[PDB]
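Peer 1: The data below comprise the sequence and an experimental structure of the protein.
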Amino acid sequence: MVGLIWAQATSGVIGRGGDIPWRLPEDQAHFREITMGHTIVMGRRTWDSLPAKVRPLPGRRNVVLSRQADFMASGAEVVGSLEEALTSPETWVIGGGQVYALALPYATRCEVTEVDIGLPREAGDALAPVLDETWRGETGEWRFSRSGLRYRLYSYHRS
Ligand SMILES: NC(=O)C1=CN([C@@H]2O[C@H](COP(=O)(O)OP(=O)(O)OC[C@H]3O[C@@H](n4cnc5c(N)ncnc54)[C@H](OP(=O)(O)O)[C@@H]3O)[C@@H](O)[C@H]2O)C=CC1
Ligand SMILES: CCc1nc(N)nc(N)c1-c1ccc(Cl)cc1
Ligand SMILES: [Co+2]
């Protein structure tokens, strides 16, 4: 099982300037719950976005995708292809934009947090991948985050 998990603005933006233009503690808890214990695969830029004092993310096999043969990610595995990372029973691809696009053919689940923030797409933004007709989607109710933004959770599945 390979799943993708991301939070997006309604526009599809997931990242800007190498970081994220919101922070929802409820989304962080959801992300932690879904990925805990499992493999997490991230692009090198997403690894770079984590403060050194917080990485590797606890309780998970942290894997970083990079073209750099000597790139060192202390506390993680660095691999040069996504296929190398898929050896565990449950694998979550945790971003960013480039790696979601690369992982989508292997994926059967997408766990999406939609953040009700009006954020037009700008050049250089990382975006959520486009899900074609093979994906079945299940939507939760809109909720209020303590950060003031509404959010809702989608669960997309396909065989
Ligand atoms: N809202 C959310 O849920 C999430 C948001 N984000 C945001 O997304 C943004 C980062 O996403 P993005 O900029 O797309 O960068 P990625 O995190 O997708 O990492 C890109 C890097 O992955 C490596 N890579 C890409 N393609 C390949 C390949 N074919 N083979 C080997 N290695 C490859 C390269 O590493 P190298 O250059 O070392 O070769 C490349 O620079 C940030 O803003 C981050 O905050 C991140 C995760 C989730
Ligand atoms: C809590 C933010 C978040 N929410 C969701 N729904 N998915 C994610 N993949 C992330 C995320 C973004 C960047 C990093 Cl470094 C780790 C996780
Ligand atoms: Co689990």
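Peer 2: Thanks, I have it. Numbers count the residues shown, from 1 in each chain. Ligands and ions are numbered 1, 2, ... in the order given.

Peer 1: contacts, neighbours, all on C-alpha from now
Peer 2: OK.

Peer 1: Any idea which residue is closest to the centre of this structure?
Peer 2: residue 94 (2.8 Å; CA atoms, centre = their mean).

Peer 1: didn't that one look like it was pressed against residue 7?
Peer 2: No - using CA atoms under 8 Å, residue 94 and residue 7 do not qualify as a contacting pair, with a distance of 9.7 Å.

Peer 1: that's a strand at residue 67, yeah?
Peer 2: No - Residue 67: not assigned to a strand; according to DSSP: H, G, I helix; E, B strand; the rest coil it is coil.

Peer 1: Over to it: give its phi and psi.
Peer 2: phi -80, psi -10 (degrees, to the nearest 10).

Peer 1: again, but for the one 10 residues further on
Peer 2: Geometry field for residue 77 lists phi and psi as phi -90, psi 140, criterion degrees, to the nearest 10.

Peer 1: Next up, the contacts around it.
Peer 2: 62, 63, 64 (CA atoms under 8 Å, 6 or more residues apart in numbering).

Peer 1: can you check residue 46 too?
Peer 2: Residue 46 touches 18, 95, 96, counting by CA under 8 Å, 6+ apart.

Peer 1: Those in strands, which ones?
Peer 2: residue 95 (DSSP state E).

Peer 1: Tell me the one of the contacts of residue 46 nearest residue 158?
Peer 2: residue 95 (19.6 Å; CA to CA).
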